[PDB]
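Heads up, the chain below is alone and in the form deposited in one PDB entry; it's given as structure tokens.
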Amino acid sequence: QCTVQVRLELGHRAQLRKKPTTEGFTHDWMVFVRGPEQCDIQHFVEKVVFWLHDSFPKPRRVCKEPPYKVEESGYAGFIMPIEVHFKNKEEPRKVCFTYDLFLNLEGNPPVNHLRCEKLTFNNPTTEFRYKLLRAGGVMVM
């Protein structure tokens, strides 16, 4: 009997692209998954998959190690599935977030957003519990 809690931060940045009028992409953006400072989520994260809009080349973007990030240019926001796969041998094996990748329209300042997610692992295996604690996970009883 125990629960281990770990924290993820999903986020994105967006700003106007400074390029020729005849390049269609208006924005640079960057989406990520990280841990809090002094935490190392690589201990329990196998990989992160960012599912870009179907219009992008190779829209299924995989980061098997940090940084878990995609940097791109684009002309519109979209809803981005983000799967965080665990180094877990049992359920759950991953978690899927639906990430709102919005751009700064109408000459608004750059976007810099953070979404903080708490994961609660109930009764993890010995092995996976150690990975979570190595990453800076916290136990409860």
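The first residue of the sequence shown is number 1, and the count goes up from there. Definition used throughout: the rigid core is the maximal C-alpha set that superposes within 1.5 Å between two forms. Only residues modelled in both forms are compared.
Not on display, but discussed next: the form deposited in another entry.
message = Looking between the shown form and the other one after fitting on the rigid core, I'd like to know which of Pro81, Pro110, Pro67, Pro59 has a C-alpha displacement of 2 Å or more.
response = One residue passes the 2 Å cut-off, namely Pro110.
Exercise. Over in the other structure, so in the other entry, do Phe25 and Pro20 pull closer or drift farther apart at the C-alpha level? The difference is 3 angstroms or more.
Key: Closer in the other entry, by 3 Å or more.
Comparison of CA distance in the other entry with shown form for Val111, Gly35, at least 3 Å:
Between the C-alphas of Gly35 and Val111, the gap widens in the other entry (3 Å or more compared with this form).
>> Report the shifted segments between the shown form and the other one, defined as three or more consecutive common residues with all CA displacements of at least 2 angstroms relative to the rigid core fit.
In response: Runs moving 2 Å or more: 19-23, 105-111.
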